[PDB]
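Colleague: I'd like to ask you about the structure that follows.
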Amino acid sequence: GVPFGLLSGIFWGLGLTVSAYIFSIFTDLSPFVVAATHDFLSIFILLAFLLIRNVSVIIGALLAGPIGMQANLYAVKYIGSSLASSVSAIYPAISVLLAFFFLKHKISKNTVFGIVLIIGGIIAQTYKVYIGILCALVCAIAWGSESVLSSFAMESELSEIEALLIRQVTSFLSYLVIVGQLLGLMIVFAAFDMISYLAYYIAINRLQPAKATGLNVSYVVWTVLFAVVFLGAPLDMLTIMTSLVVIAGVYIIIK
Ligand SMILES: C[N+](C)(C)CCO
């Protein structure tokens, strides 16, 4: 069960760097259409896996799709290959802050304490860098509410056919109301995002969000590994330290 969330970290961490690889080749020539086609291509490779409490899903999906994911997409233009991932990784603190007050109290002396060290090893480097940090704070508020609102239903509603299916078509319908090689990189980015968000939901089913979201912020270390090997990040001395505090806290939350 625990690996399912650890798999959610690496796969979104590699995918959120190939999205930076997409923008790095034209420098945000198209801000918004990337996210609209993102869910458009996502529905088809999500349905490729094939071969009412719906309100609680849609009210958290519009709280993290129209304002959470695409803000991580367009509102994070070039501030960093992972510099948005760091401060958007305080979202478990916003999620645990909401989860503890909505009939979910299962934390220990070294379960949220590992989340605390994971945030303090990031906030210290947060200012080692306006619009980018704004939405990166917004992505933290949005995904943290979605994690509890996704865990809200989570009964007679499977992680795929109701959890991630309604979550995808809701944001895809939202952009419909708000409105070659790139399609290969887009469908490649869609292929990595959809195994990730399902694996995050499979970790949300059996494992509590306080630990499932806490193992997810491993997506901050893999998003620097992919961003320094596939992309050649400068990796100053402060990067290895923040990479260590976020994994040193991962081994406190996992145990
Ligand atoms: C994929 N998100 C990072 C948006 C959710 C955590 O898995």
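Going through the structure tokens in order, the chains are called A, B, and so on, while each chain numbers its residues from 1 and the ligands are numbered from 1 in the order shown.
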Report as a count of residues only all protein, DNA and RNA residues lying within 8 Å of residue 254 in chain A, evaluated on only C-alpha atoms, omitting residues in the same chain fewer than 6 positions from it.

Modeller: 4

Colleague: Return as a ChimeraX atom specification every polymer residue, whether protein, DNA or RNA, with at least one atom no more than 8 Å from an atom of ligand 1; count only C-alpha atoms and all ligand atoms.

Modeller: /A:5,8-9,12,68-69,143,147,193,196-197,199-201,213,216-217,219

Colleague: Any chance you can output those residues with C-alpha atoms as a JSON list (two decimals), in the first residue's frame?

Modeller:
```
[["chain", "number", "residue", "atom", "x", "y", "z"],
["A", 5, "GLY", "CA", 1.94, 6.48, -2.98],
["A", 8, "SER", "CA", 2.74, 8.39, -7.24],
["A", 9, "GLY", "CA", 5.66, 10.61, -6.27],
["A", 12, "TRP", "CA", 4.27, 12.75, -11.24],
["A", 68, "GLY", "CA", -4.81, 24.02, -9.18],
["A", 69, "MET", "CA", -3.37, 22.02, -12.07],
["A", 143, "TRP", "CA", -4.50, 20.20, -4.04],
["A", 147, "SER", "CA", -6.99, 15.41, -1.25],
["A", 193, "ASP", "CA", 0.27, 12.05, -15.23],
["A", 196, "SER", "CA", 0.44, 9.03, -11.14],
["A", 197, "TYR", "CA", -2.95, 10.44, -10.14],
["A", 199, "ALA", "CA", -1.61, 5.61, -7.98],
["A", 200, "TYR", "CA", -2.12, 8.60, -5.68],
["A", 201, "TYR", "CA", -5.78, 7.58, -5.45],
["A", 213, "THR", "CA", -0.11, 12.92, 0.83],
["A", 216, "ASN", "CA", 3.47, 11.91, -2.28],
["A", 217, "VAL", "CA", 5.83, 14.83, -1.55],
["A", 219, "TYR", "CA", 7.53, 13.96, -5.98]]
```

Colleague: So that I can see what lies close to residue 116 in chain A, please list as a PDB file with N, CA, C and O atoms, in the first residue's frame the residues with an atom at most 9 Å from it, counting only C-alpha atoms and leaving out residues fewer than 5 positions away in the same chain.

Modeller:
```
ATOM      1  N   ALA A  93       0.374  20.157   4.328  1.00  0.00           N
ATOM      2  CA  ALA A  93       0.084  20.940   5.526  1.00  0.00           C
ATOM      3  C   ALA A  93      -1.291  21.589   5.440  1.00  0.00           C
ATOM      4  O   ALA A  93      -2.018  21.657   6.439  1.00  0.00           O
ATOM      5  N   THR A 111       4.433  11.347  12.592  1.00  0.00           N
ATOM      6  CA  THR A 111       3.730  11.217  11.322  1.00  0.00           C
ATOM      7  C   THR A 111       3.461  12.562  10.666  1.00  0.00           C
ATOM      8  O   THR A 111       3.755  12.737   9.480  1.00  0.00           O
ATOM      9  N   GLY A 121      12.339  22.066   5.373  1.00  0.00           N
ATOM     10  CA  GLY A 121      13.451  21.922   4.460  1.00  0.00           C
ATOM     11  C   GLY A 121      13.194  22.488   3.086  1.00  0.00           C
ATOM     12  O   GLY A 121      14.113  22.543   2.264  1.00  0.00           O
ATOM     13  N   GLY A 249      12.504  13.193   5.989  1.00  0.00           N
ATOM     14  CA  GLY A 249      11.152  13.196   6.522  1.00  0.00           C
ATOM     15  C   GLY A 249      10.256  12.134   5.926  1.00  0.00           C
ATOM     16  O   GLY A 249       9.268  11.741   6.557  1.00  0.00           O
TER      17      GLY A 249
END
```

Colleague: Check range 105-211 of chain A with DSSP on the backbone and list each residue it calls alpha helix (DSSP H), as a ChimeraX atom specification.

Modeller: /A:112-126,131-152,165-178,181-206,209-211

Colleague: Quote the spacing between CA of residue 126 in chain A and CA of residue 148 in chain A in Å to one decimal place.

Modeller: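 Computing it gives 25.2 Å between the two atoms.
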
Colleague: I need the residue nearest residue 164 in chain A from this list: A:183, A:64, A:57, A:188. Use only C-alpha atoms for the distance.

Modeller: A:57

Colleague: If we count only C-alpha atoms, what is near residue 233 in chain A at a cut-off of 10 Å, once residues fewer than 3 positions away on the same chain are taken out, given as an NGL selection string?

Modeller: :A and (80-82 or 224-230 or 236 or 239)

Colleague: Could you pull the residues within 8 Å of residue 58 in chain A, counting only C-alpha atoms, minus those fewer than 3 positions along the same chain, as a list in words?

Modeller: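 The filter keeps residues 54, 55, 61, 62, 166, 167 and 170 of chain A.
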
Colleague: Which one of A:195, A:87, A:134, A:187 sits closest to residue 35 in chain A if you count only C-alpha atoms?

Modeller: A:187

Colleague: Name the residues in contact with residue 151 in chain A at a cut-off of 12 Å, using only C-alpha atoms, excluding same-chain residues fewer than 2 positions from it; report them as number ranges by chain.

Modeller: A: 53, 56-57, 60-61, 95, 98-99, 102-104, 143-149, 153-155, 157-159, 163-164, 200-210, 212-213

Colleague: In Å, with one decimal, what is the gap from CA of residue 13 in chain A to CA of residue 173 in chain A?

Modeller: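 CA of residue 173 in chain A lies at a distance of 25.8 Å from CA of residue 13 in chain A.
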
Colleague: Find the residues near residue 39 in chain A: any atom within 12 Å, counting only C-alpha atoms, skip ones fewer than 4 places away on the same chain, and give them as number ranges by chain.

Modeller: A: 32-35, 43-47, 65-66, 69-70, 164-176, 186-187, 189-191, 193-194
